[PDB]
Amino acid sequence: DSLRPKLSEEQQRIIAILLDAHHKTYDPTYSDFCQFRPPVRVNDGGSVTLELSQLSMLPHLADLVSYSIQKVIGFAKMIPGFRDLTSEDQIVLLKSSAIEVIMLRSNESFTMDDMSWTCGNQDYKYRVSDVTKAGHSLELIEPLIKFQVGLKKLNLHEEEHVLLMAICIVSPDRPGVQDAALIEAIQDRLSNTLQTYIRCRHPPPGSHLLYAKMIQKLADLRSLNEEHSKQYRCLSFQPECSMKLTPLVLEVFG
Ligand SMILES: C=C1CC[C@H](O)C/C1=C/C=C1\CCC[C@]2(C)[C@@H]([C@H](C)C[C@@H](F)CC(C)(C)O)CC[C@@H]12
């Protein structure tokens, strides 16, 4: 059975655009990271009370996430069709997808060598313990690491990666969207591109139900999104927390 239509010229163009958009918005040398407020790692081999007292890693990780949100805004703007949406719908989609696209794009620095996000020397190597020093708990972090491993092991082509990030952003089932049908049309064009790509270009056995595995990752992301939001709320109750964040982070997660 399994028909394998060739990518259309339009679908090839969509893929080219998204690759270019990623290459322009994702620096794989992490060369800007020395501009963030510095990482600080307090002794915390154990403590939620101490973590909240210090939030030693929060200014660095908030800057990292803020920077990443800016990059995702830039990427989104280059997604074919995104600019056909109204401004209110663009913003709803960005704010609701931001943490999920950050999680997806971070997969590129994530390494199964030692289950870290390695963005340079020791200073810019991020482990579970660094995320607890920014005030999050294991209810978010452990499923996040499991998600990163699961995604890594799909061995996505860059084409598939950038399409998944685009599909994540242009989702019609986000609360507060107005033109759901237009968003769904944009998404379907990207989804069809991805399905076609996988069937033409992705060798076996990694192609086996790869599309369904990728859609499952999107569902997984909704769950992480909800847990992050719960935890962010609690972190936001810590006095003086706002100075450790950024204006963009406060808006997107507030
Ligand atoms: C964000 C990226 C993209 C570029 C590189 O791959 C590095 C990178 C790593 C991304 C990482 C490694 C550090 C911890 C991060 C930022 C997770 C963290 C749960 C987010 C929270 F800390 C955010 C606030 C505090 C606002 O609630 C989500 C993705 C993780």
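Start at 1 and count along the chain as shown; that gives each residue its number.
Positions of Cβ are set from backbone N, Cα and C atoms, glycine also.
Here Swiss-Prot flags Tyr26, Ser68, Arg105, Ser109, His136, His228 as calcitriol binding site. Taking Cβ-Cβ distances under 8 Å and a sequence gap of 6 or more within the same chain, the neighbours of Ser68 (calcitriol binding site) are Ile102, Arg105, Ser106.
Within the chain carrying the region 'Interaction with coactivator LXXLL motif' (77-95), a Cβ under 8 angstroms from the stretch's Cβ atoms is held by residues 13-14, 17-18, 20-21, 24-25, 166, 169-171, 174-179, 182-183, 185-186, 189-190, 251-252, all 6 or more beyond its ends. What Swiss-Prot records for 77-95 is region 'Interaction with coactivator LXXLL motif', and it gives similarity to another entry as the kind of evidence.
If you count neighbouring Cβ atoms within 10 Å for each of the binding-site residues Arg105, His136, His228, the highest count belongs to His136. For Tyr26 (calcitriol binding site), other Cβ atoms within 10 Å of its Cβ number 19. Taking every pair among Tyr26, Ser68, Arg105, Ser109, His136, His228, the residues recorded as binding calcitriol, the greatest CA to CA distance is 25 Å.
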